[PDB]
>>> print(open('start_36.cif').read())   # mmCIF, C-alpha atoms
data_entry
#
loop_
_atom_site.label_atom_id
_atom_site.label_comp_id
_atom_site.auth_asym_id
_atom_site.auth_seq_id
_atom_site.Cartn_x
_atom_site.Cartn_y
_atom_site.Cartn_z
CA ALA F 1 -13.02 -11.98 12.19
CA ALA F 2 -15.32 -10.98 9.36
CA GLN F 3 -16.20 -7.55 7.98
CA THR F 4 -19.52 -7.91 6.17
CA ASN F 5 -20.11 -5.78 3.03
CA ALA F 6 -16.41 -4.90 2.97
CA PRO F 7 -14.96 -2.99 0.01
CA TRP F 8 -14.30 -5.35 -2.87
CA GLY F 9 -10.53 -4.99 -2.54
CA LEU F 10 -10.59 -5.98 1.12
CA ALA F 11 -12.81 -8.94 0.29
CA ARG F 12 -10.51 -9.90 -2.58
CA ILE F 13 -7.33 -10.17 -0.49
CA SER F 14 -9.14 -12.53 1.90
CA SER F 15 -10.61 -14.71 -0.87
CA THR F 16 -9.65 -17.21 -3.57
CA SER F 17 -12.40 -16.20 -5.98
CA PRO F 18 -13.42 -12.67 -7.05
CA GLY F 19 -16.90 -11.35 -6.44
CA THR F 20 -17.18 -11.89 -2.70
CA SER F 21 -18.30 -9.25 -0.22
CA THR F 22 -16.72 -10.14 3.15
CA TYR F 23 -13.14 -9.51 4.31
CA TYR F 24 -11.75 -12.31 6.56
CA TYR F 25 -8.80 -11.55 8.79
CA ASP F 26 -7.20 -12.42 12.11
CA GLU F 27 -8.36 -10.02 14.82
CA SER F 28 -4.78 -8.93 15.63
CA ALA F 29 -5.32 -6.75 12.54
CA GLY F 30 -1.77 -5.45 12.47
CA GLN F 31 -1.68 -4.47 16.16
CA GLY F 32 1.91 -3.73 17.12
CA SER F 33 3.01 -2.83 13.57
CA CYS F 34 3.56 0.51 11.90
CA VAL F 35 2.86 1.57 8.34
CA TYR F 36 4.41 4.80 7.12
CA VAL F 37 2.19 6.21 4.37
CA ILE F 38 4.56 8.37 2.31
CA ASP F 39 2.28 10.64 0.29
CA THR F 40 0.19 13.86 0.43
CA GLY F 41 -0.42 13.29 4.16
CA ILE F 42 -3.19 11.68 6.20
CA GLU F 43 -6.28 13.35 7.65
CA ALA F 44 -5.45 11.85 11.03
CA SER F 45 -8.71 13.33 12.37
CA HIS F 46 -10.85 11.10 10.18
CA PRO F 47 -12.94 8.89 12.53
CA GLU F 48 -11.96 5.96 10.32
CA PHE F 49 -8.44 6.15 11.82
CA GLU F 50 -9.56 6.08 15.47
CA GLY F 51 -6.56 8.10 16.59
CA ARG F 52 -4.23 5.46 15.15
CA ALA F 53 -2.96 7.82 12.43
CA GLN F 54 -0.64 10.69 13.09
CA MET F 55 1.45 12.90 10.87
CA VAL F 56 5.15 12.78 11.70
CA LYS F 57 6.85 14.69 8.91
CA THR F 58 6.11 17.18 6.14
CA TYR F 59 8.31 19.07 3.67
CA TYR F 60 5.67 21.73 2.90
CA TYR F 61 4.06 24.75 4.55
CA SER F 62 1.43 22.38 5.98
CA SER F 63 1.27 18.74 6.99
CA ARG F 64 -2.45 18.62 6.21
CA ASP F 65 -3.69 16.48 3.35
CA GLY F 66 -5.00 19.04 0.90
CA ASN F 67 -5.44 16.32 -1.71
CA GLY F 68 -7.08 13.19 -0.32
CA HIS F 69 -4.72 10.81 -2.13
CA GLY F 70 -2.57 10.09 0.93
CA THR F 71 -5.68 9.88 3.08
CA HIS F 72 -7.13 7.45 0.56
CA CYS F 73 -4.05 5.23 0.85
CA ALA F 74 -3.73 5.24 4.66
CA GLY F 75 -7.41 4.36 4.74
CA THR F 76 -6.62 1.27 2.68
CA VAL F 77 -3.73 0.38 5.01
CA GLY F 78 -5.36 0.80 8.39
CA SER F 79 -8.76 2.51 8.54
CA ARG F 80 -11.46 0.63 10.47
CA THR F 81 -13.84 0.16 7.56
CA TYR F 82 -11.51 0.34 4.60
CA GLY F 83 -8.11 -0.99 5.69
CA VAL F 84 -6.37 -4.36 5.73
CA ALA F 85 -4.60 -3.98 9.09
CA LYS F 86 -7.31 -2.37 11.18
CA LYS F 87 -5.28 -2.10 14.40
CA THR F 88 -2.03 -0.89 12.86
CA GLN F 89 -0.40 2.48 13.53
CA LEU F 90 -0.29 4.88 10.57
CA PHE F 91 2.48 7.47 10.23
CA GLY F 92 2.13 10.26 7.72
CA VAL F 93 5.18 11.46 5.87
CA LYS F 94 3.96 14.19 3.50
CA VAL F 95 6.37 14.19 0.55
CA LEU F 96 3.70 15.16 -1.99
CA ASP F 97 2.15 18.60 -2.27
CA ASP F 98 -1.60 19.05 -2.49
CA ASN F 99 -1.47 18.35 -6.26
CA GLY F 100 0.12 14.97 -5.70
CA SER F 101 3.45 16.24 -6.98
CA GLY F 102 6.77 16.08 -5.17
CA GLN F 103 10.40 16.47 -6.13
CA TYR F 104 12.59 13.38 -6.19
CA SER F 105 15.00 14.95 -3.68
CA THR F 106 12.07 15.41 -1.29
CA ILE F 107 10.81 11.85 -1.79
CA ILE F 108 14.33 10.56 -1.05
CA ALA F 109 14.48 12.73 2.06
CA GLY F 110 11.15 11.26 3.14
CA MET F 111 12.42 7.72 2.64
CA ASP F 112 15.65 8.38 4.57
CA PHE F 113 13.44 10.03 7.25
CA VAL F 114 11.41 6.82 7.70
CA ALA F 115 14.49 4.56 8.04
CA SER F 116 15.53 6.67 11.03
CA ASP F 117 12.15 7.65 12.49
CA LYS F 118 11.04 4.06 12.99
CA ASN F 119 13.64 4.04 15.79
CA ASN F 120 11.61 6.73 17.59
CA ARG F 121 8.45 4.58 17.48
CA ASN F 122 7.28 1.45 19.24
CA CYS F 123 6.60 -1.06 16.48
CA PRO F 124 7.42 -4.43 18.12
CA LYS F 125 5.68 -6.24 15.25
CA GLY F 126 7.77 -4.43 12.62
CA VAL F 127 7.53 -1.55 10.18
CA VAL F 128 5.99 -1.07 6.73
CA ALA F 129 6.36 1.87 4.33
CA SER F 130 3.78 2.51 1.58
CA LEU F 131 4.84 4.53 -1.50
CA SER F 132 1.88 5.22 -3.80
CA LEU F 133 4.14 7.43 -5.88
CA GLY F 134 6.63 7.35 -8.68
CA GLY F 135 7.90 8.82 -11.91
CA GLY F 136 10.67 8.31 -14.46
CA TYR F 137 13.61 6.05 -13.80
CA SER F 138 15.94 7.48 -11.16
CA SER F 139 18.58 5.33 -9.57
CA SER F 140 18.88 7.77 -6.65
CA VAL F 141 15.22 7.11 -5.90
CA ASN F 142 15.68 3.36 -6.27
CA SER F 143 18.71 3.43 -3.96
CA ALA F 144 16.62 5.28 -1.41
CA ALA F 145 13.85 2.69 -1.48
CA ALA F 146 16.49 -0.03 -1.23
CA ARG F 147 18.05 1.61 1.86
CA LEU F 148 14.62 1.99 3.44
CA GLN F 149 14.04 -1.70 2.74
CA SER F 150 17.50 -2.73 3.98
CA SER F 151 17.02 -0.54 7.06
CA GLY F 152 14.36 -2.99 8.29
CA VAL F 153 11.17 -1.66 6.72
CA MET F 154 8.84 -3.48 4.35
CA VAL F 155 8.63 -1.21 1.29
CA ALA F 156 5.58 -1.58 -0.98
CA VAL F 157 5.58 0.76 -4.03
CA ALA F 158 3.13 1.34 -6.86
CA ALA F 159 4.11 -0.13 -10.23
CA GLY F 160 2.79 2.96 -12.06
CA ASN F 161 -0.30 3.93 -14.05
CA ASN F 162 1.29 4.08 -17.50
CA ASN F 163 0.20 0.66 -18.78
CA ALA F 164 3.88 0.23 -19.66
CA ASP F 165 6.81 -1.71 -18.28
CA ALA F 166 7.67 -0.63 -14.72
CA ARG F 167 11.35 -0.94 -15.74
CA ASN F 168 11.24 2.73 -16.67
CA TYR F 169 9.71 3.99 -13.43
CA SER F 170 10.96 4.63 -9.92
CA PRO F 171 10.88 3.58 -7.17
CA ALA F 172 8.78 0.99 -9.02
CA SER F 173 11.86 -0.53 -10.72
CA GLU F 174 13.92 -1.11 -7.56
CA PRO F 175 14.35 -4.91 -7.22
CA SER F 176 14.67 -5.10 -3.43
CA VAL F 177 11.29 -3.49 -2.68
CA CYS F 178 7.78 -4.83 -3.19
CA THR F 179 6.47 -3.39 -6.48
CA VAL F 180 2.68 -3.56 -6.77
CA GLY F 181 0.54 -3.74 -9.90
CA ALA F 182 -3.21 -3.06 -9.93
CA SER F 183 -6.13 -5.35 -10.83
CA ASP F 184 -9.91 -4.74 -10.98
CA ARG F 185 -12.89 -6.45 -9.33
CA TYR F 186 -13.04 -9.01 -12.15
CA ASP F 187 -9.40 -10.19 -11.66
CA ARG F 188 -8.38 -8.32 -14.81
CA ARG F 189 -5.22 -6.29 -14.87
CA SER F 190 -6.34 -2.70 -14.39
CA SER F 191 -6.31 -0.93 -17.76
CA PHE F 192 -3.67 1.53 -16.47
CA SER F 193 -1.49 -0.71 -14.36
CA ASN F 194 2.17 -0.93 -15.22
CA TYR F 195 3.65 -4.39 -15.78
CA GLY F 196 6.96 -6.15 -16.36
CA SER F 197 9.30 -8.52 -14.58
CA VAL F 198 9.99 -6.01 -11.79
CA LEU F 199 6.44 -6.38 -10.47
CA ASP F 200 6.24 -8.68 -7.45
CA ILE F 201 2.51 -8.84 -6.73
CA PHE F 202 -0.84 -7.44 -7.77
CA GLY F 203 -3.36 -5.85 -5.46
CA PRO F 204 -6.89 -4.53 -5.80
CA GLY F 205 -6.58 -1.22 -7.64
CA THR F 206 -9.65 -0.24 -9.74
CA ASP F 207 -12.58 1.45 -7.97
CA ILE F 208 -11.19 1.33 -4.44
CA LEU F 209 -13.45 2.86 -1.82
CA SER F 210 -11.53 4.51 1.01
CA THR F 211 -11.22 7.50 3.33
CA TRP F 212 -11.04 10.99 1.88
CA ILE F 213 -10.22 14.42 3.25
CA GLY F 214 -13.02 16.34 4.89
CA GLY F 215 -13.94 13.17 6.72
CA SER F 216 -15.49 11.77 3.57
CA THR F 217 -14.91 8.63 1.51
CA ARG F 218 -14.65 7.97 -2.20
CA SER F 219 -13.71 5.36 -4.76
CA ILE F 220 -10.66 6.03 -6.97
CA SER F 221 -8.41 3.85 -9.14
CA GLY F 222 -4.67 3.33 -9.49
CA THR F 223 -1.62 1.34 -8.54
CA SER F 224 -1.61 3.89 -5.72
CA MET F 225 -4.61 1.94 -4.35
CA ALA F 226 -3.08 -1.51 -4.81
CA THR F 227 0.14 -0.54 -2.96
CA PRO F 228 -1.59 0.16 0.42
CA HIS F 229 -3.41 -3.18 0.23
CA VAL F 230 -0.05 -4.97 0.09
CA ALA F 231 1.32 -2.53 2.67
CA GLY F 232 -1.54 -3.37 5.01
CA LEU F 233 -1.15 -7.08 4.27
CA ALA F 234 2.59 -6.94 5.02
CA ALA F 235 1.91 -5.27 8.38
CA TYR F 236 -0.90 -7.72 9.07
CA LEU F 237 1.36 -10.70 8.36
CA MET F 238 4.24 -9.26 10.38
CA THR F 239 2.00 -8.83 13.45
CA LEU F 240 1.01 -12.49 13.03
CA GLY F 241 4.71 -13.52 13.12
CA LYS F 242 4.29 -15.07 9.66
CA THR F 243 6.99 -12.94 8.02
CA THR F 244 9.52 -10.17 8.60
CA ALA F 245 10.02 -6.79 6.99
CA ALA F 246 12.83 -8.21 4.85
CA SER F 247 10.91 -11.37 3.87
CA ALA F 248 7.34 -10.11 3.54
CA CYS F 249 7.21 -9.31 -0.18
CA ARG F 250 8.55 -12.77 -0.92
CA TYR F 251 6.12 -14.28 1.60
CA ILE F 252 3.16 -12.46 0.00
CA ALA F 253 4.31 -13.80 -3.37
CA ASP F 254 4.71 -17.35 -2.03
CA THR F 255 1.22 -17.28 -0.49
CA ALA F 256 -0.56 -15.34 -3.24
CA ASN F 257 -3.36 -16.54 -5.47
CA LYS F 258 -1.40 -17.68 -8.53
CA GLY F 259 -2.50 -17.47 -12.14
CA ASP F 260 -5.89 -15.90 -11.43
CA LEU F 261 -5.45 -12.63 -13.38
CA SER F 262 -6.24 -11.80 -16.99
CA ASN F 263 -4.33 -9.56 -19.39
CA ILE F 264 -1.09 -10.23 -17.50
CA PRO F 265 1.57 -9.87 -20.23
CA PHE F 266 4.13 -12.57 -20.69
CA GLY F 267 6.97 -11.89 -18.25
CA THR F 268 4.84 -10.23 -15.57
CA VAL F 269 3.95 -12.27 -12.50
CA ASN F 270 0.34 -13.43 -12.06
CA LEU F 271 0.10 -13.15 -8.29
CA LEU F 272 -2.71 -11.50 -6.34
CA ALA F 273 -2.13 -10.48 -2.69
CA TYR F 274 -3.89 -12.92 -0.38
CA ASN F 275 -3.98 -13.20 3.40
CA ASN F 276 -4.68 -16.99 3.54
CA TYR F 277 -6.71 -16.60 6.73
CA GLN F 278 -8.50 -19.72 7.97
CA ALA F 279 -11.15 -19.11 10.65
#
>>> encode(input="start_36.cif", output="structure tokens")
Amino acid sequence: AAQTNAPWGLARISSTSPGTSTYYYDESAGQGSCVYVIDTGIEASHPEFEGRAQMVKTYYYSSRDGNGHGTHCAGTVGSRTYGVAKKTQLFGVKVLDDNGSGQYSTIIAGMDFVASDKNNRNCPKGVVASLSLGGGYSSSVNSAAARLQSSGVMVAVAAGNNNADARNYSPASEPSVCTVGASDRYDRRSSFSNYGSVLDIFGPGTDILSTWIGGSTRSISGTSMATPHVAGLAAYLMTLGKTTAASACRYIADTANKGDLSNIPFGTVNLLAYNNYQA
């Protein structure tokens, strides 16, 4: 299948050279898979989701997305125009308040929630969790992301927007989960993207057009935008039988465009998420 004039990030993950404008993907499009977007929520009513998104948990007075951030990320996972896996099922776990803040204890709760709640859902192609969130090093938070991973879910996390080593950030620094740096449309490392040996993969991250609350759309930047690309990819590849939840991050790194990024510091991988689809 081909999506003409797709957002640059979508086009990038389907391409070997930057600058292209079409996103190429198998039509299964993550059908049968499930991506938990753990964030400020998802505007499940947005026509971009087609009734494939639904909120399943909140730790706040409302489960609505009063921010747009979480909606932006779920749009990059599974929205019809903006997502990688366009037939996937999107579950909203709202661990962030409408300012994008959340307490670690709540984040952990949300992760533990997902490990169990996937057993309430029909996801015969497997389960992905997307964590466009983080802060200072916490081993409790890392352990939580590890458990979620070990529990049979593919965990993609943002590397962080500090332009520092992701070593000092969580869940970004948890080895067993897929930790995602951000690049721009020119295959540069995004100016803000964290780096270091704990990164596993880069994804499109600067000027990412995607769904927004109020049924709108907008372009924002961050490793929070790269994460859902790899989350969507994971789910897309699991539907295709090509990998499993436990193997996906390694698969994506095996099959990624290698060496194509600039301003990658020594010690940080130079791998750009890539679906390797051949029509």
>>> resolve_selection(input="start_36.cif", expression="the PyMOL selection byres ((chain F and resi 56-62) around 10)", output="PyMOL selection string")
chain F and resi 36+38-41+53-55+63-66+90-98+102+106-107+109-110+113-114+117
>>> atom_distance(input="start_36.cif", atom1="atom CA of residue F:208", atom2="atom CA of residue F:35")
19.0 Å
>>> atom_distance(input="start_36.cif", atom1="atom CA of residue F:173", atom2="atom CA of residue F:89")
27.3 Å
>>> atom_distance(input="start_36.cif", atom1="atom CA of residue F:260", atom2="atom CA of residue F:221")
20.0 Å
>>> resolve_selection(input="start_36.cif", expression="the PyMOL selection byres ((chain F and resi 82) around 9)", output="list in words")
residues 6, 7, 9, 10, 48, 75, 76, 77, 78, 79, 80, 81, 83, 84, 86, 209, 210 and 211 of chain F
>>> resolve_selection(input="start_36.cif", expression="the PyMOL selection byres ((chain F and resi 179-184) around 6)", output="PyMOL selection string")
chain F and resi 156-159+172+178+185-190+193+199-206+223+226-227
>>> residues_around(input="start_36.cif", residues="residue F:154", least_positions_apart="3", cutoff="9 Å", atoms="all atoms listed in the file", output="list in words")
residues 35, 126, 127, 128, 129, 130, 148, 149, 150, 177, 178, 231, 234, 235, 244, 245, 246, 247, 248 and 249 of chain F
>>> closest_atom_pairs(input="start_36.cif", of="stretch 80-178 of chain F", to="stretch 261-266 of chain F", cutoff="12 Å", atoms="all atoms listed in the file", output="Markdown table")
| residue | atom | partner | partner_atom | distance |
| --- | --- | --- | --- | --- |
| F:163 | CA | F:265 | CA | 10.7 |
| F:164 | CA | F:265 | CA | 10.4 |
| F:165 | CA | F:265 | CA | 9.9 |
>>> closest_residue(input="start_36.cif", among="F:136, F:47, F:232, F:30", to="residue F:274", atoms="all atoms listed in the file")
F:232
>>> closest_residue(input="start_36.cif", among="F:237, F:123, F:42, F:108", to="residue F:141", atoms="only C-alpha atoms")
F:108
>>> residues_near_point(input="start_36.cif", point="(14.6, 3.1, -2.3)", cutoff="9 Å", atoms="all atoms listed in the file", output="ChimeraX atom specification")
/F:108,111-112,139-149,155,170-171,174,176-177
>>> write_last_selection(input="start_36.cif", atoms="C-alpha atoms", output="short mmCIF file (atom, residue, chain, number, x, y, z; two decimals), in the frame of the given file")
data_model
loop_
_atom_site.label_atom_id
_atom_site.label_comp_id
_atom_site.auth_asym_id
_atom_site.auth_seq_id
_atom_site.Cartn_x
_atom_site.Cartn_y
_atom_site.Cartn_z
CA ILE F 108 14.33 10.56 -1.05
CA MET F 111 12.42 7.72 2.64
CA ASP F 112 15.65 8.38 4.57
CA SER F 139 18.58 5.33 -9.57
CA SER F 140 18.88 7.77 -6.65
CA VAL F 141 15.22 7.11 -5.90
CA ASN F 142 15.68 3.36 -6.27
CA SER F 143 18.71 3.43 -3.96
CA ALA F 144 16.62 5.28 -1.41
CA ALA F 145 13.85 2.69 -1.48
CA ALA F 146 16.49 -0.03 -1.23
CA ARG F 147 18.05 1.61 1.86
CA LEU F 148 14.62 1.99 3.44
CA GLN F 149 14.04 -1.70 2.74
CA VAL F 155 8.63 -1.21 1.29
CA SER F 170 10.96 4.63 -9.92
CA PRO F 171 10.88 3.58 -7.17
CA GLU F 174 13.92 -1.11 -7.56
CA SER F 176 14.67 -5.10 -3.43
CA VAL F 177 11.29 -3.49 -2.68
#
>>> closest_residue(input="start_36.cif", among="F:15, F:138, F:88, F:4", to="residue F:124", atoms="only C-alpha atoms")
F:88
>>> closest_residue(input="start_36.cif", among="F:194, F:99, F:257, F:45", to="residue F:216", atoms="only C-alpha atoms")
F:45
>>> closest_residue(input="start_36.cif", among="F:195, F:213, F:269, F:100", to="residue F:253", atoms="all atoms listed in the file")
F:269
>>> closest_residue(input="start_36.cif", among="F:33, F:151, F:105, F:162", to="residue F:192", atoms="all atoms listed in the file")
F:162
>>> decode(input="start_36.cif", residues="stretch 7-25 of chain F", atoms="C-alpha atoms", output="mmCIF file, in the first residue's frame")
data_model
loop_
_atom_site.group_PDB
_atom_site.id
_atom_site.type_symbol
_atom_site.label_atom_id
_atom_site.label_comp_id
_atom_site.auth_asym_id
_atom_site.auth_seq_id
_atom_site.Cartn_x
_atom_site.Cartn_y
_atom_site.Cartn_z
ATOM 1 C CA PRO F 7 3.994 13.030 6.859
ATOM 2 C CA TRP F 8 7.756 13.054 6.467
ATOM 3 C CA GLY F 9 8.261 10.718 9.433
ATOM 4 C CA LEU F 10 5.931 8.105 7.976
ATOM 5 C CA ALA F 11 7.680 8.394 4.627
ATOM 6 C CA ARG F 12 11.066 8.132 6.333
ATOM 7 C CA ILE F 13 10.392 4.808 8.078
ATOM 8 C CA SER F 14 9.382 3.284 4.732
ATOM 9 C CA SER F 15 12.406 4.657 2.847
ATOM 10 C CA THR F 16 16.184 4.311 2.549
ATOM 11 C CA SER F 17 16.801 7.946 1.663
ATOM 12 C CA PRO F 18 15.398 11.060 3.371
ATOM 13 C CA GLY F 19 13.284 13.558 1.490
ATOM 14 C CA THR F 20 10.572 11.275 0.143
ATOM 15 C CA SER F 21 6.851 11.916 0.457
ATOM 16 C CA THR F 22 5.109 8.513 0.342
ATOM 17 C CA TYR F 23 4.764 5.955 3.156
ATOM 18 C CA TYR F 24 4.929 2.308 1.940
ATOM 19 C CA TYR F 25 3.506 -0.412 4.127
#
